[PDB]
Amino acid sequence: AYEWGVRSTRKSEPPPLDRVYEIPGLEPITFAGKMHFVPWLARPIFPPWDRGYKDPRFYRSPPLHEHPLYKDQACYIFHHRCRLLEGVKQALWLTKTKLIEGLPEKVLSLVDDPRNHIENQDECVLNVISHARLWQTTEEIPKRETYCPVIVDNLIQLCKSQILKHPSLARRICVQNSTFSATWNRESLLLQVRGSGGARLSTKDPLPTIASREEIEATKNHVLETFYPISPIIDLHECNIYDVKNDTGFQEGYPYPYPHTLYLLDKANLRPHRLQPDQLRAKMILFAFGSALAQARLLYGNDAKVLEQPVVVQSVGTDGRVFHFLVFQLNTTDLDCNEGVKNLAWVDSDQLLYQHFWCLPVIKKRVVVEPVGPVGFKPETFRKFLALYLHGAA
Amino acid sequence: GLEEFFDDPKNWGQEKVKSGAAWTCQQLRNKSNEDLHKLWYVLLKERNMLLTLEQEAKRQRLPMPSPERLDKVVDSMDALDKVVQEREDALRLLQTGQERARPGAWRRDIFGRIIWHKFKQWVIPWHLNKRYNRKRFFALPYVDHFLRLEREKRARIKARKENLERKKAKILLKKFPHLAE
Amino acid sequence: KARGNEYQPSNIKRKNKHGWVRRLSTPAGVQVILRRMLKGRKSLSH
Amino acid sequence: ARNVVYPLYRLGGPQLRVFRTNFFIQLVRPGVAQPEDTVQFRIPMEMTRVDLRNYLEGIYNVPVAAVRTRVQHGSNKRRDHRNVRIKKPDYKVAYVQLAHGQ
Amino acid sequence: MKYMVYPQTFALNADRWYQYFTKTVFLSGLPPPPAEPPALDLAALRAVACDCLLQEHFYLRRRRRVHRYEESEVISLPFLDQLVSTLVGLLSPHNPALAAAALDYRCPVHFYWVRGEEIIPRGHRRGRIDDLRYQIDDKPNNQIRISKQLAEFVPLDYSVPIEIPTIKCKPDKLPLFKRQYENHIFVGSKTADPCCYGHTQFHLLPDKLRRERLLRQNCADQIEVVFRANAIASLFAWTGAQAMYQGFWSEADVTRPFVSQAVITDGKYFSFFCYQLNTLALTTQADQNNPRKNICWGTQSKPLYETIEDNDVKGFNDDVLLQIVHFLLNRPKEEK
Amino acid sequence: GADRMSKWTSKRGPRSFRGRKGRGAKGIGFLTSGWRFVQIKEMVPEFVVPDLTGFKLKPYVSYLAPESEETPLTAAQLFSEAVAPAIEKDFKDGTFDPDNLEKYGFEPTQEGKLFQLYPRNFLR
Amino acid sequence: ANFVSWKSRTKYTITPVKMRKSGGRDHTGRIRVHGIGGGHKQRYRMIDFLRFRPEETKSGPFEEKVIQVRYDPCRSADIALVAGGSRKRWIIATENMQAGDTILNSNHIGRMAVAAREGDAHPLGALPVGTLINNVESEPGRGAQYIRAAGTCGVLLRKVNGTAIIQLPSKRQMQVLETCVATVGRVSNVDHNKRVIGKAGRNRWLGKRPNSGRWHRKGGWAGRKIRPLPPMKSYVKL
RNA sequence: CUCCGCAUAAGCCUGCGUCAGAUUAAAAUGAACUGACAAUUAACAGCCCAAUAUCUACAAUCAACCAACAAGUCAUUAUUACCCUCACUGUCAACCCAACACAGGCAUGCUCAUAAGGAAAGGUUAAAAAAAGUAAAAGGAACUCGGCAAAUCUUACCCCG
RNA sequence: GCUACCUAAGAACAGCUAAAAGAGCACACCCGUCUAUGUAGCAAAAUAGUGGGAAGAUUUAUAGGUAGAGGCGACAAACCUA
RNA sequence: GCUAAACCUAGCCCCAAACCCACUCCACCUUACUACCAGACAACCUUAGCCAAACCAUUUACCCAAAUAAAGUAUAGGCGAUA
Ligand SMILES: [K+]
Ligand SMILES: [K+]
Ligand SMILES: [K+]
Ligand SMILES: [K+]
Ligand SMILES: [Mg+2]
Ligand SMILES: [Mg+2]
Ligand SMILES: [Mg+2]
Ligand SMILES: [Mg+2]
Ligand SMILES: [Mg+2]
Ligand SMILES: [Mg+2]
Ligand SMILES: [Mg+2]
Ligand SMILES: [Mg+2]
Ligand SMILES: [Mg+2]
Ligand SMILES: [Mg+2]
Ligand SMILES: [Mg+2]
Ligand SMILES: [Mg+2]
Ligand SMILES: [Mg+2]
Ligand SMILES: [Mg+2]
Ligand SMILES: [Mg+2]
Ligand SMILES: [Mg+2]
Ligand SMILES: [Mg+2]
Ligand SMILES: [Mg+2]
Ligand SMILES: [Mg+2]
Ligand SMILES: [Mg+2]
Ligand SMILES: [Mg+2]
Ligand SMILES: [Mg+2]
Ligand SMILES: [Mg+2]
Ligand SMILES: [Mg+2]
Ligand SMILES: [Mg+2]
């Protein structure tokens with residue numbers, strides 16, 4: 001059919017050899033002994049030259065197939081830059097989990113009373129928004145790559161101010177620059193998750209279980225949805241040079257091994273570079289699944305069966321204005337089949353912390369129509385953010 | 001220290017400073033290489049004190065006390081550098097037989113004139129070097145006419161020079177006619 | 001309008017247009033340098 | 001050294017050493033006010049501040065904390081009786097600061 | 001055109017130059033403790049400091065290899081960022097002020113002031129009076145802002161029997177270079193932000209100013225100079241910006257002192273400083289009759305740990321950790 | 001209006017021109033990513049300065065000296081002084097062969113040496 | 001001149017590629033086509049005109065799902081993003097194509113004809129007579145070179161000895177094999193020919209420069225010319 | 001008075017800094033001319049990057065409602081290789097292109113009326129003609145090819161496009 | 001390096017009205033309608049005033065491309081170093 | 001009486017003879033006079049016209065390997081100019 005790449009841009013064919021190289025028993029006279037080109041002499045043929053010594057700045061890696069860690073069976077890797085096509089529906093099949101709209105009742109009951117709310121909650125959250133978007137920098141209008149991390153770190157700092165009421169909040173830290181890995185199979189497909197970027201709220205005590213035993217045994221009737229013709233491994237990095245290995249990100253002995261909450265940020269100014277709502281919720285599900293699966297294998301070995309003590313990992317993904325909440329529970333490590341017990345996941349979608357923010361006063365016909373500040377601020381969104389932080393400590 | 005850049009304090013302000021002779025190339029052919037390597041730095045420090053005094057004399061708009069001192073040291077530094085290079089050149093002829101320490105070759109440039117090309121140090125062979133192969137060491141046939149025009153230019157100069165000398169000699173007998181012999 | 005200011009100096013343009021490398025690029029530019037070498041020019045090119 | 005070829009270096013090669021250096025420096029009086037620790041020199045163009053340090057420490061046993069260099073342009077304005085411009089040689093200036101409070 | 005003053009500087013004896021640019025007198029030690037009329041568990045804080053320290057060095061697994069020049073921005077920067085976050089959550093019960101406090105990571109601080117005059121030497125403006133302008137563009141690793149102002153260390157009229165250094169040459173010989181760009185007076189946030197008062201800064205010296213590189217350059221006596229040169233400039237620019245936010249300036253000098261703290265470290269060694277802004281009138285027209293001067297207190301650089309081997313921290317020093325707590329424990333005096 | 005008869009220097013041209021041109025100083029390293037320069041300790045010339053303590057020679061020589069003639073050193077002059085005596089002794093002893101020329105001082109090749117004679121790889 | 005073409009990419013991708021304009025100039029640098037210059041910048045989106053292109057590990061008829069029908073600044077028609085298996089590619093959208101539809105791409109020539117749905121791709125010998133088609137190819141595997149423009153459509157006239165008679169939009173007949181793949185239906189943007197430029201400036205946004213002001217006298221080439229439809233063009237070798 | 005001014009880029013290349021002067025400006029203090037001496041110091045800026053394969057549908061506009069076409073300037077991963085580190089260059093001025101110490105030409109940022117930068121008068125007299133302005137009795141286009149110019153702030157129509 | 005057209009990647013456009021604009025008023029900026037002056041001048045095409053346009057087919061810096069039997073041209077036989 | 005006036009060398013021209021033809025180190029085809037990195041671009045091809053023919057259109061001398069002579073002869077040529 002139509003081939004890509006015009007011949008004018010391709011490398012020109014090497015010049016045809018001189019006819020003296022076709023006559024046997026005849027040595028050609030070349031300019032190799034002159035150490036420079038001349039038109040009236042034959043072009044010599046030099047042998048392949050090798051440097052003979054190592055030089056990092058001029059290194060040439062060997063061919064792909066020669067790499068030690070080379071397998072014919074491909075491994076589809078999911079990383080932070082992968083943008084799934086079918087969104088959550090495709091993540092619910094890769095992880096073999098069931099979706100449940102709305103957060104668990106237990107988690108929401110933490111901030112249901114007026115006892116755990118923060119002093120001047122409504123007024124303190126409004127100052128984290130204005131600071132991040134108005135007062136943070138010298139520039140008039142801060143960029144999203146600048147205020148998305150700040151509006152999250154400050155919300156954590158505000159939720160960490162309730163150590164006076166709950167002394168069990170001093171057994172947790174917020175790690176940065178952490179990575180984790182996790183490998184598993186789904187219907188004869190080698191899958192791997194490599195988590196990176198974001199903040200990892202670590203703890204000393206593991207989170208309790210949400211669903212009861214009867215709720216875990218009732219997932220045997222649920223059927224995973226399919227999206228034929230689209231394949232479940234679309235928009236994943238199909239790698240043939242990999243190494244099946246599991247990693248939590250820390251060595252044996254770390255005081256805070258148990259992951260509590262993963263904070264993922266869509267801090268990109270251009271809209272095309274930012275994930276879509278459904279795409280960001282899928283990254284949250286897979287990263288939570290990869291961190292819970294990394295603890296299960298370390299604790300219960302590298303076998304495949306139904307876990308006796310399911311692992312629970314939370315996650316919060318934000319674009320700076322919108323927040324998504326997740327509560328993932330690992331119920332089994334036998335995912336190759338589509339039948340049997342399945343994992344659980346509670347999700348809140350499209351929870352706006354504020355509708356819009358005016359950094360400058362809107363003056364129409366010499367009349368201030370909209371003053372500087374947030375618009376459509378919703379306190380309910382922060383109550384859910386605070387409930388996830390208080391889970392396992394109150 | 002920084003006291004070696006200036007002359008003995010007592011000598012400051014004097015208009016003359018007695019000094020000895022300059023090292024001759026023959027007096028240095030008796031000393032060892034280790035002794036010549038030590039003397040080079042004794043003369044180097046004396047040369048810097050003289051260059052520092054020569055510049056401060058211009059600053060103060062006064063004449064240097066003994067300018068010959070600097071000329072003597074420079075002559076000694078050159079003589080010493082001649083001896084060492086002489087021993088190295090002779091030692092290279094015995095082990096290798098080469099008359100030049102740096103490689104080179106005779107080549108024609110793009111302009112068609114003969115030139116001695118001094119080689120440079122490279123990490124890759126010459127057939128792989130992008131920049132070396134853009135350089136041309138051959139003249140095309142449109143140069144022959146300019147080579148002749150440049151040869152005829154040199155011949156005219158050499159002819160005027162030879163005819164001028166004959167004239168001066170012929171005019172040098174009119175006033176001194178006793179030079180016929 | 002007023003003329004005479006056609007020369008707007010630019011070293012990049014000057015070295016790329018009348019430079020030594022561009023003279024030697026073509027056979028006609030090599031003959032330019034040869035004529036200036038024959039005449040005795042103190043400057044052969046920019 | 002100046003006006004000499006430098007032996008090329010490759011990874012794992014010997015250290016480059018000069019046994020006889022032809023760099024000749026002249027200490028000069030500053031035209032403007034300078035700190036007490038600061039010293040001023042006139043050095044050749046090919047010389048680097050790294051060389052001036054090792055050159056001073058080794059030959060004159062002077063510890064130096066910092067070295068800064070600048071290139072000074074020499075006026076090509078002067079013209080002779082043939083209206084041909086005369087060039088004052090461009091030279092390099094070095095500012096050296098002593099180490100131990102000297 | 002204004003001089004660019006870098007707190008983290010490579011210039012020799014810059015601290016003595018910065019004292020004259022800010023009219024500041026440096027004193028050794030810490031300020032006089034106020035003799036005025038909960039349980040602090042050291043064992044818990046020690047474990048934390050060693051946990052964050054061991055985390056970045058040993059427990060945390062790096063994906064790619066870490067080079068020597070990348071250590072400050074990959075190992076020491078996160079540790080300092082993490083040590084402060086956890087210590088403010090463990091000291092909030094002991095200091096409520098830290099609860100409603102603003103914690104900033106790598107936020108810029110700007111201050112623009114005029115000190116002195118010069119006679120233009122050359123040009124069409126030769127022989128005319130020009131003012132010497134300075135600008136500090138500082139970005140501390142961390143800093144804690146609060147709504148209420150801390151209490152002074154000494155009175156405003158307080159004066160020491162020590163003279164301020166004076167230079168005989170021009171600042172260009174430090175070296176110091178001039179440039180013309182936007183003048184900024186920034187505490188870390190805009191004026192609308194209620195948290196306009198400074199509590200404590202945390203700085204991390206870059207790899208270029210590392211201790212081991214200063215011993216190779218025969219600059220062992222400049223090790224402590226780099227520490228107190230950053231404080232004098234970083235704290236003067238911070239306190240001075242707080243006063244401008246309140247409306248004070250050269251003509252309308254401060255009526256009350258403005259104080260702040262700073263912790264200067266290179267990853268292993270730590271130094272502690274305290275700064276008090278007594279005067280802000282530094283121009284010739286206003287500094288002519290001014291009696292009073294700004295003050296800075298500073299300690300010697302001491303290591304927090306002797307060596308870190310595998311998951312064991314060797315020679316951990318608790319006195320350095322206790323000093324970090326005292327700064328964070330300090331709070332604004334409460335009203336009756 | 002350009003001066004084509006003036007020395008081309010780094011002070012002339014736009015910013016990209018002025019940074020790429022130098023003054024003749026040899027390099028001591030390379031530029032890495034981020035415009036970070038890496039200095040090579042082996043590329044910096046190390047000054048080999050000797051001990052000048054108890055050194056008799058001085059910058060000048062007294063005038064009370066003879067006017068000895070100049071005898072430029074030649075390869076033949078150096079062979080007879082150093083190499084010939086050892087050969088004559090072995091010739092008289094009766095044990096001399098070309099194979100042992102390396103023992104007398106001859107160098108078959110220059111490779112594997114720190115200071116090669118051609119092409120020389122050391123500074124003056 | 002130092003002219004290099006922008007069409008250098010050798011691997012297919014759906015990412016918009018940045019291309020540079022020509023101004024009506026060839027590699028020599030001289031004008032070869034007048035009236036071309038300027039206009040809004042555009043990014044090229046590779047179009048796969050070979051509908052039936054099974055994946056590397058797959059063979060036989062496959063199905064794709066339509067994701068997005070969007071505007072293309074490099075052509076008069078609209079393009080659609082389809083995804084089958086693990087890959088994604090751009091194609092030419094038909095009149096009626098929406099996000100969510102499932103298109104079929106087959107090369108099977110059954111004994112009997114098949115019910116033709118718009119957007120589906122079948123060979124010429126698997127469609128009934130009178131069916132509208134677009135994006136036909138001269139020979140199998142050549143790629144669709146005809147009936148690509150907005151609203152354009154052909155029609156299948158008859159089948160003879162493994163050969164299909166196609167009527168082009170110019171009311172000219174073309175003969176090809178029955179194994180050549182074509183797409184059913186019309187092309188999108190049926191009302192493209194009914195657009196109004198409105199002002200001269202809008203043609204400068206499309207990369208069109210004004211005509212020359214020189215006055216030309218007409219010759220004998222001008223004037224209505226009623227000549228017969230040319231013969232049928234056959235790409236089948238007998 | 002303020003037509004600006006300060007800075008950057010570009011260009012230029014020591015071209016009003018000190019000492020001296022028989023040189024010089026209308027000007028025998030000044031000096032851009034001559035001779036000698038001195039001077040611009042990196043953090044700003046310039047000078048960058050190991051290989052192979054692979055990834056990159058969803059504008060911007062306070063980006064949130066909303067509405068568009070002319071359809072847009074910013075992103076990776078996998079494996080391999082890789083422990084020495086702050087070199088080199090630009091940094092002056094009253095400045096460039098117009099034969100001139102030319103009423104011309106000259107991109108960007110800030111200042112938007114200045115905190116910066118400047119002087120229309122060599123002295124006198126107060127003729128014509130000429131130039132640039134201000135005021136004007138009564139009349140108000142009678143001027144003139146034409147309401148040109150000035151003043152003032154106005155109606156309607158035609159030809160061509 | 002002027003100019004004509006083009007390529008690559010950049011920059012600028014207050015305020016008012018309408019908020020739709022190859023829309024209007026009107027700075028910067030671009031152009032050069034009429035008048036006077038100037039005519040070896042400040043200037044080998046300028047000065048003052050008055051004027052046209054000023055979110056677009058706009059203006060503009062940088063580098064590159066098209067060369068004389070030619071190029072370029074919204075054809076004025078324009079422009080391609082007075 | 002000023003301004004000026006006056007000079008004899010510098011060297012140059014035409015022949016003859018003889019063939020002619022570099023250098024301290026360092027730098028120089030990239031923006032020449034720039035210490036140091038993966039290249040493969042390569043040279044050849046009738047001169048035309050002014051002019052003369054009183055226009056112009058075929059045509060119109062141009063060292064080509066020994067001075068002289070044969071000889072401006074044979075011969076060519078809008079059988080013209082001229083060669
Ligand atoms: K200049
Ligand atoms: K003018
Ligand atoms: K003023
Ligand atoms: K004629
Ligand atoms: Mg410098
Ligand atoms: Mg289109
Ligand atoms: Mg198009
Ligand atoms: Mg038309
Ligand atoms: Mg027409
Ligand atoms: Mg820099
Ligand atoms: Mg300057
Ligand atoms: Mg005047
Ligand atoms: Mg007068
Ligand atoms: Mg009059
Ligand atoms: Mg009147
Ligand atoms: Mg009338
Ligand atoms: Mg009337
Ligand atoms: Mg009349
Ligand atoms: Mg009028
Ligand atoms: Mg019209
Ligand atoms: Mg221009
Ligand atoms: Mg373009
Ligand atoms: Mg506007
Ligand atoms: Mg308009
Ligand atoms: Mg208008
Ligand atoms: Mg035009
Ligand atoms: Mg016409
Ligand atoms: Mg005409
Ligand atoms: Mg004729």
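Hydrogens, waters and symmetry mates play no part in the numbers below; they use all other heavy atoms, side chains included. All chains are named by letter (A, B, ...) in the order of the sequence lines, taking the proteins before the strands, and each is independently numbered beginning at 1.
- At the phosphate of H:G118, OP1 or OP2 sits under 4.0 Å from a side-chain N or O atom of E:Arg128.
- OP1 and OP2 of I:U7 both lie 4.0 Å or more from every side-chain N or O belonging to G:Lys21.
- Taking the six-membered ring wherever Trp is involved, the centroid distance between the rings of B:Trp106 and B:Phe137 does not fall below 6.0 Å.
- When heavy atoms are screened at a 4.0 angstrom cut-off, G:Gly39 is found touching no nucleic acid atom at all.
- At a cut-off of 3.5 angstrom, the base of H:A43 holds at least one donor-acceptor pair with the side chain of E:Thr9.
- The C1'-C2'-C3'-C4' torsion of I:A57 is negative, so its sugar falls on the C2'-endo, or south, side.
- Place B:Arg102 and D:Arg10 on RNA chain J by their nearest nucleotides, and B:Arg102 ends up nearer the 5' end.
- Here I:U60 does not sit opposite I:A48 as a base pair, Watson-Crick or G-U wobble, with both distances under 3.5 Å.
- Counting non-hydrogen atoms under 4.0 angstrom, B:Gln55 reaches the backbone sugars and phosphates but no base.
- Here the nucleotide nearest the side chain of G:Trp205, chosen from H:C97, H:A43, H:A70, is H:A70.
- At J:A6 the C1'-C2'-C3'-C4' dihedral is positive, so the sugar adopts a north, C3'-endo-type conformation.
- Residue contacts shown for A:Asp243 are absent, as no nucleic acid heavy atom lies under 4.0 Å away.
- For H:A39, one of the phosphate oxygens OP1 or OP2 lies less than 4.0 angstrom from a side-chain nitrogen or oxygen of D:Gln40.
- No hydrogens or angles were tested; on distance alone, a donor-acceptor pair under 3.5 Å links the side chain of C:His18 to the base of I:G1.
- Using a 4.0 Å heavy-atom criterion, one finds that A:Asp55 contacts the bases of the nucleic acid, with or without backbone contacts as well.
- Heavy atoms of D:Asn76 sit under 4.0 angstrom from primed sugar atoms or phosphate atoms, though from no base atom.
- The 12-atom threshold is exceeded at NZ of E:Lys178, counting heavy atoms of other residues, nucleotides or ligands nearer than 6.0 Å.
- A stacked arrangement is assigned to A:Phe37 and the six-membered base ring of J:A42, with a centre-to-centre distance below 5.5 Å and an interplanar angle below 30°.
- Taking the charged nitrogens against the carboxylate oxygens, F:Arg12 and F:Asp3 do have a contact shorter than 4.0 Å, which makes a salt bridge.
- Across the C1' atoms, H:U134 and I:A61 are found 47 Å apart, a figure rounded to whole Å.
- Not one side-chain nitrogen or oxygen of E:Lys178 sits closer than 4.0 Å to the OP1 or OP2 atom of H:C44.
- Between H:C92 and H:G15 there is a Watson-Crick or G-U wobble pairing whose two distances both come in under 3.5 Å.
- Of all nucleotides listed (J:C36, H:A87, I:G1), I:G1 comes nearest to the side chain of C:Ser10.
- Using a 4.0 Å heavy-atom cutoff across all strands shown, D:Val71 reaches sugar-phosphate atoms only and no base atom.
- A sub-4.0 Å separation between OP1 or OP2 of H:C86 and a side-chain N or O of F:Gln39 is present.
- Contact annotation: the side chain of B:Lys120 never approaches that of B:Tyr132 to less than 4.5 Å [non-hydrogen atoms, C-beta and beyond].
- Here F:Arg15 lies in heavy-atom contact (under 4.0 Å) with sugar-phosphate atoms only.
- Consecutive residues H:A136 and H:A137 do not stack, lacking base ring centres under 5.5 Å apart with planes under 30°.
- For A:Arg133 against H:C62, a side-chain-to-base donor-acceptor contact under 3.5 Å is absent.
- Between H:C44 and H:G90, a Watson-Crick or G-U wobble pair is formed, both defining distances falling under 3.5 Å.
- The aromatic rings of A:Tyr354 and A:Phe357 sit perpendicular, their planes meeting at an angle over 60°, well past the 30° parallel limit.
- Distances were taken from every side-chain heavy atom of A:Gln279 (C-beta onward) to each of I:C6, H:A43, H:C58; the shortest belongs to H:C58.
- Among H:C58, J:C26, J:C37, the nucleotide with an atom closest to any side-chain atom of A:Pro272 is H:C58.
- For the pair B:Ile114 and B:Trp116, the minimum side-chain heavy-atom distance is 4.5 Å or more.
- Residue B:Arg134 is in base contact, counting any heavy-atom pair closer than 4.0 Å across all strands shown.
- E:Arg210 contributes a side-chain N or O that forms a donor-acceptor pair with the base of H:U85 under 3.5 Å.
- Judged by atom type and distance alone, B:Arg136 reaches the base of J:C29 through a side-chain donor-acceptor pair under 3.5 Å.
- When the nearest nucleotides of RNA chain J are assigned to C:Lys15 and B:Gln121 by heavy-atom distance, the more 5′-ward of the two goes with C:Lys15.
- Taking only side-chain nitrogens and oxygens, E:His67 never comes nearer than 4.0 Å to OP1 or OP2 of H:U85.
- A Watson-Crick or G-U wobble pair joins J:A83 and J:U75, with the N1-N3 or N1-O2 distance and the second distance both under 3.5 Å.
- Evaluation of atom-type donor-acceptor distances gives a pair under 3.5 Å for the side chain of F:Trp8 against the base of J:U31.
- In this structure, B:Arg136 does not pair ionically with B:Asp109, as no charged nitrogen and carboxylate oxygen lie closer than 4.0 Å.
- Comparing J:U30 with J:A40, their P atoms sit 13 Å apart, to the nearest whole Å.
- Distance from the side chain of F:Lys7 is smallest to J:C33 among H:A38, H:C86, J:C33.
- When each of I:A8, H:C33, H:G105 is scored by its nearest atom to the side-chain atoms of G:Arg20, the top-ranked nucleotide is I:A8.
- Annotation: side chain of A:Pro62 is in contact with side chain of A:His67 (closest heavy-atom distance under 4.5 Å).
- The side chain of E:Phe10 lies closest to H:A42 when the candidates are H:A42, H:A57, I:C5.
- Aromatic ring pairs are classed by plane angle as parallel below 30°, tilted from 30° to 60° and perpendicular above 60°; the pair B:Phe138 and A:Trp40 is perpendicular.
- Within the 4.0 angstrom heavy-atom criterion, only backbone atoms of the sugar-phosphate kind lie near A:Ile241; the bases stay farther away.
- A Watson-Crick or G-U wobble pair joins H:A20 and H:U34, with the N1-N3 or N1-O2 distance and the second distance both under 3.5 Å.
- Heavy atoms of B:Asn163 sit under 4.0 angstrom from at least one base atom.
- For the adjacent pair I:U66 and I:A67, the base rings do not count as stacked by a centre distance under 5.5 Å and plane angle under 30°.
- G:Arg70 comes within 4.0 angstrom of a base, heavy atoms only.
- Residue G:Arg209 has a polar side-chain atom (N or O) positioned under 4.0 Å from OP1 or OP2 of I:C6.
- Because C1'-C2'-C3'-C4' is negative for H:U40, its sugar is assigned to the south class.
- Between the base of H:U76 and the side chain of A:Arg81 there is no donor-acceptor pair shorter than 3.5 Å.
- Judged by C1'-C2'-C3'-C4', the furanose ring of H:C112 adopts a south pucker.
- In this strand, J:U59 stacks onto J:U60; the six-membered rings sit under 5.5 Å apart at an angle under 30°.
- At the heavy-atom level, F:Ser16 lies under 4.0 Å from base atoms of the strands shown.
- In this structure, G:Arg202 reaches the sugar-phosphate backbone alone: every heavy-atom distance under 4.0 Å involves primed, P, OP1 or OP2 atoms, never a base.
- A north sugar is assigned to H:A36: the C1'-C2'-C3'-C4' torsion is positive, on the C3'-endo side.
- G:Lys88 comes within 4.0 angstrom of a base, heavy atoms only.
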